[PDB]
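Chemist: Quick one: the structure is below, and I'll ask about it shortly.
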Ligand SMILES: [Yb+3]
Ligand SMILES: [Yb+3]
Ligand SMILES: [Zn+2]
C-alpha cells in the first residue's frame, strides 16, 4: 500500500505501457492530448479502477472506441484528486485493456515550469521543463502515480517547429506536424520498464554536442561549450559504474543543462539526466553530482523504492556508489574525505530539524506528509552512513561492493522495501549473521537523530581544513594580521569548501574576522556555487550588511533549492535584511518554480 497514491494499488491492476500523444501550447501554458494506458487486471471480475490526477482537466475517457463513465473525487491537498473509471466489460485476471484519456494540464501544474523568453539564455524563445519526482507525474497525466508500478512508454510531442522536445527515453525521429505546418512532432521510446516519476519532458531552443560514445550534452547555445568541458569525465564515470553495478541497460546517457530555476542539483531521468547550471564551476570540481545521477541507472532506476517511505534505498545506495566512483578516479583518501563531509552534512540536518524530529528517521511514514516538505540530506547521508558502517563491519569495500552488485542483479526491474533489502543482506552475508546481529537495526532504521555508531574515517585530506577553521575560530583581534592568501595555497577547491563548511558549523564569527577573511582570501571573487553559497551564509549569519545584496542576488539569479532555501532563511533571520528577503520573495514568486515557491513561502512564513 502506497499512502502517497490515491490510485488502485499494484495488487488490483498494473499499468504495463503508456502511449502519450500531446501538444505543448506556450500561449495557454498547457500540455493537451491523450494518455493511452495499457492496464493489466490482477483480479477476477475487475469493473473499475482509480488513477491519480492533480489539477488536470479531463475531456473524455475512451475504451474499445466508446466513451466511458468516470468521476473525479474531492481534492486531497498535495495528493490531488482520484479519478475513478467505469470499465465497459468486466476483466479476468491477467487480461489487458487500453484506456485512452483526453486531458489538459493546468498552467499551475506542480510538475512544470513555463519560462518566458526573458527567463532564458537566448531571450528569443520560451522554455518548458518537468520534474515528476516524487509525486508530480499526476500533475502531467492521469496515472497510478506510485513507484510500486513500472511501465514502458512511447510518446509523440507536438511543439512549435523552431524548438526541440526531449524526454527520458530514446529519440525515435522527428517529422513536421501533419495537422499544423508551424509545428514539429518529436517521437520517443522507453523500452525498459520504469516507475512514472522517471517520465520527463523539456521543450526549448536546445543544441547538442557529443562528449562521449553514448553521451550528448544539451543546453541553450550559450551554455553548450562550458557544459561539454564541465562534464567531460562522464564516459569514464559510466565505465566505472558498469564495473561496480553490471551492464548499463539504458542505451544512451545524455545530459541536459537546465535554466537556473531547476530545483535540484541533478535528476536521474533515464537516457537524459537533468542538471543545474550551478555545476558550471569551470574546473569539473562539482562532477560528483554527475557520478550520483549515473549511479541511479542501477540504484533507483533498476532497483526502485516500492513507496516514498523507503526513499533511502534509492539515495543511500546511490551516494555509496557515487563515492566509490569518485574514489576510483581520485583515490581512497578522497572517498573518505567525501564520506566525512557527508557526516557533517548529516550533523547539520539533524541540528536544523532537531534530534527527535520524525524527518531525521531513515524510514519515514509519509501518510499525510508532502514528500517535498520531508525532503532533506537525511536519506542521503544517514543512508550512506549505514552502508559505510556495514562495509567496515563486513570486511571492507571489495566485499561490500560484491553485495551491491548481487543486490542490483537480484532486484533489477523490481520495486522493493527496507525489509526486502535487509532480508537479502542477511541472505548474502549468511556466514556473517553474528556480525549483522550486533547492528542496532531499530535505531539505524526507525529512530530520529544521529545514528548510534559513527564509522571510521581517514582524516588525511580533512586535517588542513580543520586546522585552518580552528585557527580562525580561536583567533582574537591581535591574531587577524597573521592570516594571508598563502594559507590557501595547498588547498584544493574541495578543501576550501570543507574549510568553509567547518567554519559555518560554528557561525557566527565576529564581524572583524569575516571582514579580514574577505581582505586576505577574496572569497567574494569565487564563482564556484558551493563555495560561494557557504561563504555568503557565513557572512549573513555573521551580520555583514555588505553581503546582503550578494546573498539576495544568489538566492534569486538561480533556484537550486539547496542554495535558495537557506539563503532566504538566513536573510529572513538577519534583522537588517528581513524586509528585503520577504519583499524579494513576493516580487519573484510568480516567476519561480512552483515547488521552490511553495517551500520558500513556508520557510519565510509568507502565504
Ligand atoms: Yb526507430
Ligand atoms: Yb592575543
Ligand atoms: Zn538522488
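Matching residues to (1) within 25 Å of residue 332 (Cβ to Cβ); (2) in contact with a helix residue (DSSP H, G or I) (Cβ under 7 Å, 6 or more places away or on another chain); (3) more than 16 Å from ligand 2 (Cβ to nearest atom); (4) assigned by CATH to the domain that holds residue 334:
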residue	(1), (2), (3), (4)
445	no, yes, yes, yes
466	yes, yes, yes, no
480	no, yes, no, no
487	no, yes, yes, no
499	yes, yes, yes, no
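Chemist: Regarding residue 144, is this residue surrounded by 19 or more Cβ atoms within 10 Å (Cβ to Cβ) and farther than 23 Å from residue 291 by Cα?
Modeler: Details: surrounded by 19 or more Cβ atoms within 10 Å (Cβ to Cβ): yes; farther than 23 Å from residue 291 by Cα: yes.
The answer is yes for residue 144.
Chemist: Would you call residue 210 under 30 Å from residue 413 (Cβ atoms) and surrounded by fewer than 20 Cβ atoms within 10 Å (Cβ to Cβ)? It would help to see each step written out before you state the result.
Modeler: Working: under 30 Å from residue 413 (Cβ atoms): yes; surrounded by fewer than 20 Cβ atoms within 10 Å (Cβ to Cβ): yes.
Spelling it out, residue 210 is indeed under 30 Å from residue 413 (Cβ atoms) and surrounded by fewer than 20 Cβ atoms within 10 Å (Cβ to Cβ).
Chemist: In this structure, does residue 168 turn out to be assigned by CATH to the domain that holds residue 51 and crowded, with 20+ Cβ neighbours inside 10 Å? Steps first, please.
Modeler: Details: assigned by CATH to the domain that holds residue 51: yes; crowded, with 20+ Cβ neighbours inside 10 Å: yes.
Yes, satisfied.
Chemist: Another question, if that's okay. Return the total of residues in segment 557-567 being crowded, with 19+ Cβ neighbours inside 10 Å and assigned to a helix (DSSP H, G or I). Can you show your working first?
Modeler: Going residue by residue through segment 557-567, those that are crowded, with 19+ Cβ neighbours inside 10 Å are 558-561, 563-567.
Those left that are additionally assigned to a helix (DSSP H, G or I): 561, 563-567.
Residues in segment 557-567 being crowded, with 19+ Cβ neighbours inside 10 Å and assigned to a helix (DSSP H, G or I): 6 in total.
Chemist: When you look at residue 322, is it within 11 Å of ligand 3 (Cβ to nearest atom), in contact with a helix residue (DSSP H, G or I) (Cβ under 7 Å, 6 or more places away or on another chain), farther than 25 Å from residue 146 by Cβ and not assigned by CATH to the domain that holds residue 248, yes or no?
Modeler: Numbers: within 11 Å of ligand 3 (Cβ to nearest atom): yes; in contact with a helix residue (DSSP H, G or I) (Cβ under 7 Å, 6 or more places away or on another chain): yes; farther than 25 Å from residue 146 by Cβ: yes; not assigned by CATH to the domain that holds residue 248: yes.
So residue 322 passes the test.
Chemist: Considering only segment 588-599, I want to know if a residue exists there that is surrounded by fewer than 20 Cβ atoms within 10 Å (Cβ to Cβ), in contact with a helix residue (DSSP H, G or I) (Cβ under 8 Å, 6 or more places away or on another chain), touching a residue at least 60 places away in the same chain (Cβ under 8 Å) and closer than 27 Å to residue 226 by Cβ.
Modeler: yes
Chemist: Consider residue 171 against the criteria (1) within 30 Å of residue 48 (Cα to Cα); (2) within 16 Å of ligand 1 (Cβ to nearest atom): it satisfies all of them except one. Which criterion is unmet?
Modeler: Here residue 171 meets the rest and fails (1).
Chemist: Among residues belonging to segment 451-463 that are more than 13 Å from residue 339 (Cα to Cα) and surrounded by fewer than 18 Cβ atoms within 10 Å (Cβ to Cβ), point out the one that is nearest to ligand 2 (Cβ to nearest atom). Talk me through it step by step, then tell me what you get.
Modeler: Step one: of segment 451-463, the residues more than 13 Å from residue 339 (Cα to Cα) are 451-453, 463.
After this cut, where a residue has to be surrounded by fewer than 18 Cβ atoms within 10 Å (Cβ to Cβ) as well, the list is 452-453, 463.
On the way: 452: 41, 453: 40, 463: 24 Å.
Looking at the filtered set, the residue picked out is 463.
Chemist: Further question: With the condition kept exactly as written, say whether any residue in segment 265-272 is away from ligand 3 (no atom under 16 Å from the Cβ) and under 27 Å from residue 409 (Cβ atoms). Show your work before the answer.
Modeler: Of all residues in segment 265-272, those away from ligand 3 (no atom under 16 Å from the Cβ) come to 271.
Going one step further and asking which of them are under 27 Å from residue 409 (Cβ atoms), we end up with 271.
Checked segment 265-272: at least one residue is away from ligand 3 (no atom under 16 Å from the Cβ) and under 27 Å from residue 409 (Cβ atoms).
Let's see how each residue does on (1) surrounded by fewer than 16 Cβ atoms within 10 Å (Cβ to Cβ); (2) in a loop (DSSP other than H, G, I, E, B); (3) without any contact (Cβ under 8 Å) to a residue 24 or more places away in the chain:
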position	(1), (2), (3)
94	yes, yes, no
109	no, yes, no
118	yes, no, yes
122	yes, yes, no
129	no, no, no
132	no, yes, no
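Chemist: Can you pull out the residues in segment 53-79 that are assigned to a strand (DSSP E or B) and within 28 Å of the chain's Cα centre (by Cα)?
Modeler: Going residue by residue through segment 53-79, those that are assigned to a strand (DSSP E or B) are 53, 57-63, 66-67, 70-72.
Passing the criteria: 53, 57.
Chemist: Starting from residues that are within 14 Å of ligand 3 (Cβ to nearest atom) and not in a helix (DSSP H, G or I), keep the ones in segment 303-314 and report whichever is surrounded by the fewest Cβ atoms within 10 Å (Cβ to Cβ).
Modeler: Selected residue: 303.
Chemist: Considering only residues that are free of Cβ contacts under 8 Å to residues at least 40 places away in the same chain, crowded, with 16+ Cβ neighbours inside 10 Å and more than 16 Å from ligand 1 (Cβ to nearest atom), which ones fall in segment 178-206?
Modeler: 184
Chemist: Determine whether segment 4-19 contains at least one residue that is more than 26 Å from residue 305 (Cα to Cα), surrounded by fewer than 20 Cβ atoms within 10 Å (Cβ to Cβ) and not assigned by CATH to the domain that holds residue 592. I'd like the intermediate steps shown before the answer.
Modeler: As a first pass, look at segment 4-19 and keep what is more than 26 Å from residue 305 (Cα to Cα): none.
No, that holds for no residue.
What is reported rests on the model, the rules as stated and the sources as named; none is laboratory data. All Cβ positions, even for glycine, are placed from backbone atoms using ideal geometry, and neighbour counts span all protein chains on display.
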